[PDB]
Amino acid sequence: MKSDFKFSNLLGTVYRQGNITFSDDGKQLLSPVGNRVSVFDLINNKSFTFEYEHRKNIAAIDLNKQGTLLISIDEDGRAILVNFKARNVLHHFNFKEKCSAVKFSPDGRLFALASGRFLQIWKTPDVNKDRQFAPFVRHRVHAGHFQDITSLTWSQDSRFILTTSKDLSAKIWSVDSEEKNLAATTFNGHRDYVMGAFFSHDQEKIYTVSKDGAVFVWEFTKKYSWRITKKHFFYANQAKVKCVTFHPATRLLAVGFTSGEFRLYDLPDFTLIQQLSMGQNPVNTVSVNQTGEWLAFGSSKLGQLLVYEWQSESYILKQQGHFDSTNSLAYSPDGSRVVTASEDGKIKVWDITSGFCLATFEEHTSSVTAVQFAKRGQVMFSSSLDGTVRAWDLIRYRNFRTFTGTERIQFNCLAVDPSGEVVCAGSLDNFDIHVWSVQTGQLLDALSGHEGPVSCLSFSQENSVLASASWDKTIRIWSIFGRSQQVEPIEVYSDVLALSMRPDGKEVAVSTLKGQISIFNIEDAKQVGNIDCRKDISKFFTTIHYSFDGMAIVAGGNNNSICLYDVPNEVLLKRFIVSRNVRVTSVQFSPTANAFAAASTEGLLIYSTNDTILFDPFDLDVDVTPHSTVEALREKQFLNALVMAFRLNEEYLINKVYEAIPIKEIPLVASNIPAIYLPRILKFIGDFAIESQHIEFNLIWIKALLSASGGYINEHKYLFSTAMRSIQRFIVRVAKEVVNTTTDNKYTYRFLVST
Amino acid sequence: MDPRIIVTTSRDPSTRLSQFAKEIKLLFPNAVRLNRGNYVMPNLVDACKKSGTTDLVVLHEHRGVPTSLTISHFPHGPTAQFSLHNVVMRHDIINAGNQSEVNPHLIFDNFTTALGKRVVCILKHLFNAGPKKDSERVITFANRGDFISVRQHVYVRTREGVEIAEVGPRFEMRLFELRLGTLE
Amino acid sequence: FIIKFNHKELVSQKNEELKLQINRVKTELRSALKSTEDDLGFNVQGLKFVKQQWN
Amino acid sequence: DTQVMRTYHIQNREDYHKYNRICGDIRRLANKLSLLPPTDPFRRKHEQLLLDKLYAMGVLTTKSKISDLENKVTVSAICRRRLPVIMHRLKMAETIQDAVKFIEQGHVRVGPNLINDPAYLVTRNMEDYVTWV
Amino acid sequence: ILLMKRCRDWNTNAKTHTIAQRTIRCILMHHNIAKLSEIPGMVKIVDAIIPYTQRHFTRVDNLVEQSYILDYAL
Amino acid sequence: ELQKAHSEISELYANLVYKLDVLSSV
Amino acid sequence: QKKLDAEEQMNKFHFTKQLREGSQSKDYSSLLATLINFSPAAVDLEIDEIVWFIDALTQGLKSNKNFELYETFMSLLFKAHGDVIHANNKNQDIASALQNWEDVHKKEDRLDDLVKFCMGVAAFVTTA
């Protein structure tokens, strides 16, 4: 593996503060985090743009009128421009001062920034290529006010700017030096502090709201001038109106509270439509869709990290969690679901291929320390600081058992067999290791062998060997299923915390008490010790994992860095997190061989092996044209089209050279493929299958290949392990579709015979 | 809960110490026979603390009075040393009758709860090997002041007659050094 | 179990009477078991639909 | 008052107020749980668990009776759970001043983690694992 | 209802439930959907039989789909 | 009464366990 | 997308011109296009005509495409109108259209056994 591994997702949605908005399409959600910007699509949540020039963690964000331009503003007053796929088109330090709000036109000509005591409006650049040192042009600026500008509103004429100010007043701005009605007349009389104003989309009602709950209505009579029309006085509501947004339907109001509840109103009626509670944590900001069908509102960082989507006919579209700093991760045996462990004592399941927050379990009394799956796909065991461990199955959602029984307040490491018979846990403050049969919770023994705190534990796929790393310079090996016990080695060096097993039972990886990470086998032949963990903005060794093909391990400490290594000596690639104020605490490796994970305090995973890179595996260009020679082998010689266009690796060719060959030709092809061109096409089918609707077509392929070379992948293991997992998830996720509905037309014909 | 007992002598046992160590081995599922290749290692504290065991038994021989038994509870550290009556030639028995997992009834005669009570706890805390708690045999601890006697008998009923069965060796010990241990 | 221990092409390699014997054996098994499969697969949804009406 | 502020190298003046509020909560818990009928096992069980967790927190290092809960829980007891006082009394440095001088500049280690805070606290069972770098 | 509660009793253990299947497929063929007009209480029954047969669905499904594997190799 | 006293004392005990638990691992 | 409808059907919490113009000839391709376009129509199939609906569906199975939506249409039809289908005592002209559905549904039975083959053989190479 050599591929360009880079961030194109993140681990759970909103940790931090910011604005929030939709696209004009109604199908794309714009919900930032503090550090980057994560724009989901509403159906099948995915990840589109990933800027990083933000040195400070706050955003202000909006798109113009079709989503071709996105900005994001942090505290300092520099902004960054992207078009559609994070080109990072333009970059622009804009201000030495912070910004409160940013607003486009519905026309894409003008541009709106509120800062300091001024108001900036800019001429918008179109989409082009680059070639501007300074792309933004100043149109006008307006002086002046008395203090800060906190909210901003645009009108439909693109001539008419309604803006509030911090000094309990509002003002009006004609854009094109018109002096619309020859008046920029102030709005006063407000007893309390102003949180927002809105201009209605019929040019006759000018709208203001205050922090107390008061709402003031002015008319377009400019006897002659402004007169009040409807007043209020609220003294018993007794909170503060935190945020406010107005409908493009021009009938409805939305009001957010610090108290933790959600208000809806009507504009000239002042009827109470609905209010909804979600907690006590304050509402930060709220924005409505362009058609009033969907509502979304964001919640503040110290309070809920939760953003709901409620409709006007009252049902919650998207609910979510995404809590704080994370302890542990593990991949499911199907490569789609990822467990997380949080500090507040929950266990949440994340479907991070598709951004759902699926399901939770809450029986913990305090923080969670360890999660890992069993290989059956049935059950998963959680470990806590509760003083006990417990079992879980997936959509039965029911607690099997809660093993404990000696007086204890701290467990720190949890590991189970592949056999599912016995569960072992290592006490951080007892010098002993615990086992339990999963049948009862009987206590078999207490295996007394250490002299320090036992701190990392794992099993083998041979499954007769227990690997037991304690924090006293001593690695130990155990027998559980024989009729005796064993002799346990001594390290040379440097107290260990991180243990990691090869899936063979033949190799053990340890992390020494410095940057040296070291490996040795089960006949203690120490292969490599490897160099430090760099990137200060002391050095550590916290987690380490053996990759599934048996050719790589991944090291993560707590120093803003993560390193790749192979089985020989060499440093492969060092990826790392840039931000500003631990980060990494857990890393494991996917069973799809496409990416892996790194549990960070921000929360960020993916590596994403892609195929945009020109690899030349077996002398690619002696097959001179990728087009015309392949065009010759689409007419003739379908054995040679596979070997020719397979040495080539344009993904824009493999669809056609793979599709075009006929059905009867397929067993003749699979019977005559070379054994060296096998795994990349077995991995190609396992990830091309999940996309298209060619189920019959790919299924006759996998019949031919799996029918062809069964013993060869039986003996030449540990790569077709990964590929075989990738095809098996497609097989089960299509089988449980068509067996269900084919049953649902299998009852029908005999149900006709009934009566 | 039930203890883990280790038995150990000097590097040079004869037959008379061998068969004696074979009888003292017969207090299992937790009694194990073991010699040292040095005389007594000073690393036995790391041996028991690392192994997690609770109790230790040492057989040796001195010339202040003749031959000596030693019992110690390991983590706290009380240690009773006792003197024996006869070490000359016992019965060559390593297992006969039942197994030693059978928890017998335990008999103390001549109740002295003034200052021998710490002894009477330890003999309770030693002979609880096994999950049985139901009597098949019996072991007798006879005080005669500072002379105690040890017996092993099996229930032999005959026409509902409570007849004893003498089996094993017959001991008679005296309180030798008992070092004042700690809460540590 | 006896197919996974040992074997069909690790005890002999010839197109013989045991090889074609196994073909009719497994056809008998898959038919006779598919019968019970179809009977149950009609039985269950036969039971559901009356609970659909006993509202 | 400021005798305590000057004895234990407190970097602030706020810390005496904060620990005063926590000890006030412990005393009013003690008084409210005290005024029950003394055969009610609620009172016996909860004062017992409060005793055991205050064993573990190292504040009542002394093995105690019930009436010690009014008596000994002060600010200076929890102030003796601060790191450099554990460091001095474990005979590493020479004064409390020089212990704070070492923790200001990174040479002290509890467990496998670096420490640079003079307000980290130690248990009665974490202080076995204190060394240098 | 007297036979049908014996079907409830016979759906419990494995390897016999098949016999308890056979009459059930009979009776829906020989009576109408109303379970002819005057009908006693058996909602506990018709509730009870569904999870057992749903459970026996998957086992014979696995024997069937694994039975093809001994043919499908050679 | 007695049940009320068990209510408020179990409340302050639940709060106090939290306040000491903040200092327990920090 | 292919998960969206099959999860979308289980519910946890004009068009009248075209079907009658398909009552005249075989114009149900545009009708199946307005079925495949948008609007989960669990209320729209509940607002005679059921025969032309089944003939529309047999034109749906006639092409070798979009069976994953079509099977869901068929089963939802037997969830919603399943009494008017039943007619209390069957074999009206309804059952002729069901008979038109039966044999082509017997034609589409082949795909399941292949899935059993790959699932069990892949399970064997996973084990062995």
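For neighbour counting, all protein chains shown are included, and Cβ atoms are generated from backbone atoms with ideal geometry for every residue, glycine included. A short reminder: the numbers here are calculations on the coordinates, not readings from a lab.
Looking only at region D:95-133, how many residues end up being farther than 30 Å from A:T512 by Cβ, touching a helix residue (DSSP H, G or I) at 6+ places or on another chain (Cβ under 8 Å) and exposed (fewer than 14 other Cβ atoms within 10 Å of the Cβ)?
Total satisfying the criteria: 2.
Do any helices (runs of 4 or more DSSP H) lying entirely in region A:624-675 carry at least 2 residues that are of a type in the set (D, E, K, R), and which ones are they?
Once the helices (runs of 4 or more DSSP H) in region A:624-675 are filtered for at least 2 residues that are of a type in the set (D, E, K, R), what remains is A:628-635, A:651-659.
Looking only at residues in region D:20-33 that are facing chain F (nearest Cβ under 10 Å) and surrounded by 13 or more Cβ atoms within 10 Å (Cβ to Cβ), which one is nearest to D:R80 (Cα to Cα)? Please lay out each step first, then the result.
Pass one, region D:20-33, residues facing chain F (nearest Cβ under 10 Å): D:21-22, D:25-26, D:28-29, D:32-33.
Subsequent filtering for residues that are surrounded by 13 or more Cβ atoms within 10 Å (Cβ to Cβ) retains D:22, D:25-26, D:29, D:32-33.
Details: D:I22: 15, D:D25: 19, D:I26: 17, D:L29: 22, D:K32: 27, D:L33: 27 Å.
The extreme case among them is D:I22.
Of everything in region A:307-358 that's among the aromatic types (F, W, Y) and touching a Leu at 6+ places or on another chain (Cβ under 9 Å), which residue is nearest to A:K46 (Cα to Cα)? Working first, answer last.
The initial filter retains those residues of region A:307-358 that are among the aromatic types (F, W, Y), namely A:308, A:310, A:315, A:323, A:331, A:350, A:356.
Next cut, touching a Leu at 6+ places or on another chain (Cβ under 9 Å) only: A:308, A:310, A:323, A:350.
Details: A:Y308: 18, A:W310: 21, A:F323: 20, A:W350: 13 Å.
Looking at the filtered set, the residue picked out is A:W350.
Please enumerate the residues belonging to region A:400-431 that are loosely packed, with under 15 Cβ neighbours inside 10 Å and over 37 Å from the mean Cα position of the chain (by Cα).
A:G405, A:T406, A:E407
Got a number for residues in region D:81-133 being away from chain F (no Cβ under 14 Å) and not in a helix (DSSP H, G or I)?
The number of residues fulfilling the criteria is 18.
Kindly check whether there is at least one residue in region D:55-62 that is outside any loop (DSSP other than H, G, I, E, B) and more than 13 Å from chain F (Cβ to nearest Cβ).
Within region D:55-62, not a single residue is outside any loop (DSSP other than H, G, I, E, B) and more than 13 Å from chain F (Cβ to nearest Cβ).
Is there a residue in region G:52-68 that is out of contact with any helix residue (DSSP H, G or I) (no Cβ under 6 Å at 6 or more places or on another chain) and β-branched (V, I, T)?
No, because not a single residue in region G:52-68 is out of contact with any helix residue (DSSP H, G or I) (no Cβ under 6 Å at 6 or more places or on another chain) and β-branched (V, I, T).
Collect the residues in region D:63-75 that are away from every other protein chain (no Cβ under 12 Å) and either closer than 17 Å to D:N125 by Cα or of a type in the set (D, E, K, R) (or both), keeping them in residue-number order.
D:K65, D:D68, D:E70, D:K72
Tally time: how many residues in region A:697-723 are closer than 28 Å to G:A6 by Cα, more than 7 Å from every other protein chain (Cβ to nearest Cβ) and surrounded by 18 or more Cβ atoms within 10 Å (Cβ to Cβ)?
4
Picking from A:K85, A:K65, which residue would you name as being in contact with a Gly (Cβ under 7 Å, 6 or more places away or on another chain) and either part of a loop (DSSP other than H, G, I, E, B) or over 28 Å from A:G26 (Cα atoms) (or both)? Before the answer, list the steps.
Values: A:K85 fails: in contact with a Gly (Cβ under 7 Å, 6 or more places away or on another chain).
When all the criteria are applied, what remains is A:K65.
One line per residue, one yes/no per condition, for (1) under 21 Å from F:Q3 (Cβ atoms); (2) assigned to a loop (DSSP other than H, G, I, E, B); (3) touching a strand residue (DSSP E or B) at 6+ places or on another chain (Cβ under 6 Å); (4) not hydroxyl-bearing (S, T, Y):
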{"residue": "D:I10", "(1), (2), (3), (4)": "no, yes, no, yes"}
{"residue": "D:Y19", "(1), (2), (3), (4)": "no, no, no, no"}
{"residue": "D:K32", "(1), (2), (3), (4)": "yes, no, no, yes"}
{"residue": "D:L36", "(1), (2), (3), (4)": "yes, yes, no, yes"}
{"residue": "D:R43", "(1), (2), (3), (4)": "yes, no, no, yes"}
{"residue": "D:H46", "(1), (2), (3), (4)": "yes, no, no, yes"}
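One line per residue, one yes/no per condition, for (1) over 18 Å from the mean Cα position of the chain (by Cα); (2) more than 10 Å from every other protein chain (Cβ to nearest Cβ):
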site: C:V11; (1), (2): yes, yes
site: C:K19; (1), (2): yes, no
site: C:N23; (1), (2): no, no
site: C:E28; (1), (2): no, yes
site: C:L33; (1), (2): no, no
site: C:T36; (1), (2): no, no
site: C:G41; (1), (2): no, no
site: C:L47; (1), (2): yes, no
site: C:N55; (1), (2): yes, yes
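Looking at (1) away from chain C (no Cβ under 14 Å); (2) farther than 18 Å from G:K116 by Cα; (3) among the hydroxyl-bearing types (S, T, Y), which is the one condition that is false for A:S726?
(2)
Can you tell me which residues in region A:71-82 are of a type outside the set (S, T, N, Q) and either part of a loop (DSSP other than H, G, I, E, B) or under 16 Å from A:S23 (Cα atoms) (or both)? Break it down into steps so the answer makes sense when it comes.
Keep residues of region A:71-82 that are of a type outside the set (S, T, N, Q), which gives A:71, A:73-82.
Answer for region A:71-82, where residues must be of a type outside the set (S, T, N, Q) and either part of a loop (DSSP other than H, G, I, E, B) or under 16 Å from A:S23 (Cα atoms) (or both): A:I71, A:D74, A:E75, A:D76, A:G77, A:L81, A:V82.
Could you grab me the full set of residues in region B:148-180 that are among the aliphatic types (A, V, I, L, M) and in a loop (DSSP other than H, G, I, E, B)?
Pass one, region B:148-180, residues among the aliphatic types (A, V, I, L, M): B:148, B:150, B:154, B:156, B:162, B:164-165, B:167, B:173, B:175, B:178, B:180.
The answer is B:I164, B:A165, B:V167, B:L180.
Could you tell me whether any residue of region B:32-53 is closer than 30 Å to B:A165 by Cα, surrounded by 13 or more Cβ atoms within 10 Å (Cβ to Cβ) and among the hydroxyl-bearing types (S, T, Y)?
Within region B:32-53 (the criterion being closer than 30 Å to B:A165 by Cα, surrounded by 13 or more Cβ atoms within 10 Å (Cβ to Cβ) and among the hydroxyl-bearing types (S, T, Y)), the answer is no, since none of the residues qualifies.
Name the single residue that is nearest to the other protein chains (Cβ to nearest Cβ) among those in region A:659-696 being of a type in the set (G, A, S) and under 25 Å from E:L74 (Cα atoms).
Pass one, region A:659-696, residues of a type in the set (G, A, S): A:660, A:670-671, A:675, A:686, A:689, A:692.
Adding the requirement that they be under 25 Å from E:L74 (Cα atoms) leaves A:670-671, A:675, A:686.
Details: A:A670: 14, A:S671: 14, A:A675: 16, A:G686: 11 Å.
Filtering first and then ranking leaves A:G686.
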